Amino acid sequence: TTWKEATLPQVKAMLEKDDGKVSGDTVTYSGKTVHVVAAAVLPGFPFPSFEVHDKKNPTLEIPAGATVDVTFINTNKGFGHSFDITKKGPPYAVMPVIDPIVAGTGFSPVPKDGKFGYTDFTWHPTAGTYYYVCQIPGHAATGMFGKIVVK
């Protein structure tokens, strides 16, 4: 996919653009268009994991019919995590069999020269349960995934 580069202050600014509301380990979105901003292993969080709205691998609740704008930022030095959406649930093998990927980013570039790679994609899901996972061998198997409920 097409990756762009952002400086640290830029990363901070984007993270706060997630318009979901957190409740426990759940982030609920509302409206015609929703904006999900996910990051791979923010400093201080467990490895390996995804952070959405400052929460570790939270369950995302999206209204059916809404246009989902996803922004994925890889803030983890040394690894090129991915954010791929599939219908296949856990447990995941070391080499996850999650085809077909409904929407996703593919492997991201590793942080370099004081910048972090990020990308944006749109998704118009049908009601159902999906999962966002990282395809780097072993990551999903060690907990790098979360659930998406479209209802």
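In this text, residue numbers run from 1 along the sequence as written.
Check your understanding: Would 121-129 or 31-39 have the larger average of its C-alpha temperature factors, as given in the entry?
Key -> Result of the comparison: 121-129.
Review point. Which has the higher mean CA temperature factor in the PDB entry, 131-139 or 20-28?
Key: It is 20-28.
Check your understanding: At the C-alpha atoms, which of 114, 109, 58, 106 reaches the highest B-factor in this entry?
Key -> Reading the PDB entry, the winner on C-alpha B-factor is 106.
Review point. Per the coordinate record, which of the options 85, 52, 64, 70 holds the highest CA temperature factor?
Key: Spelled out: the listed residue with the top C-alpha B-factor is 64.
Review point. Where does residue 8 sit by CA temperature factor within its chain: lowest, middle or highest third?
Key: For residue 8, whose C-alpha B-factor we compare with every modelled residue in the chain, the answer is the highest third.
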